[PDB]
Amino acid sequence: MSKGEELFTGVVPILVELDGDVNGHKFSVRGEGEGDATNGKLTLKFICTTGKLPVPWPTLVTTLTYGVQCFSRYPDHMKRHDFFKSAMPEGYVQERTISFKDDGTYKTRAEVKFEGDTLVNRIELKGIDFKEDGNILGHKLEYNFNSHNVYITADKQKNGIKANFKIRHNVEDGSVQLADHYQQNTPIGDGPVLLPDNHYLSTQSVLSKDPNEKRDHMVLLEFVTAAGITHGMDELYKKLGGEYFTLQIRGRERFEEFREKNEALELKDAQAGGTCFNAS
């Protein structure tokens, strides 16, 4: 498990700040609350600070709080796969394309990082090509949010992860408005991070209102748990992560190139006393 796991062992205050622009409708959202990674729990209240929100609240949930996936609960044996906590305290950049079927698209960029003792998620959102009388700009979506399974895979070329999932927004007419999510996370710092094997996040949400709150707002409770890899598989991963493997190379120059990179990598480990090698 990563060094960053120690930062999420308790209750962590959360600040969320979003600046958005959808078809020229500019808006800002501020959210504050607490995250409890031990129980995969987060509780947030979000406020539209610019007046009325030009899009339905459920369309922003994944940007706002599947925006702080470092509060997911990883079972003990899966903690070797938690990229999100491993990038802290420096944090990570989260980028998404959200494509609404037969409607517009969101593009988002966020930085998730500690600032002091507060985990902060700062987001820029651009929405283009939305139908002015559609399900989103026409506010035709129900105020609920179903459970989803977020498929997570490693992106070693960029030292991060990717995620893909399709959100099912209930429409008032009874039909469904699909939101196709494409996700990329990369670390802000240059330190080592955990790159996961294939797994998924099982997410659950309930949306509510604060009866004392005058502004356009959304109250959110969310439980998220990692899943998909057995205890036996992670015991294997743990064994294989420590073993030595013989690679056979054809050609002296090709051998020389591999050897220098291998030596550089073992040098990085030894300089950090091996403290990050095959971390559980």
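Note that residue numbering begins at 1 and tracks the sequence as displayed.
Residue stretch of maximal mean CA temperature factor, 84 to 92 vs 128 to 136: Taking the mean B-factor of the alpha carbons in each, 128 to 136 is higher.
Stretch exceeding the other in mean C-alpha B-factor - 167 to 175, 152 to 160: Stretch with the greater average CA B-factor: 167 to 175.
Per the PDB entry, maximal CA B factor within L247, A226, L60, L44: In the PDB entry, the greatest C-alpha B-factor among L247, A226, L60, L44 is found at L247.
Residue selected from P187, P196, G104, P75 by maximal Cα B factor: That would be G104.
Ranked against its chain, the third holding the CA B-factor of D234: Ranked within chain, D234 CA B lands in the lowest tercile.
CA B-factor placement of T275, once the chain's modelled residues are sorted into thirds: Its C-alpha B-factor, which the entry lists for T275, ranks in the highest third among residues of this chain.
Chain-relative CA temperature factor third for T65: Answer is middle: the recorded C-alpha B-factor places it there.
Entry-reported Cα temperature factor of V22, expressed as the chain third it lands in: CA B-factor rank for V22: highest third.
Where the record places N146 (Cα B-factor, split into thirds across the chain): For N146, whose C-alpha B-factor we compare with every modelled residue in the chain, the answer is the highest third.
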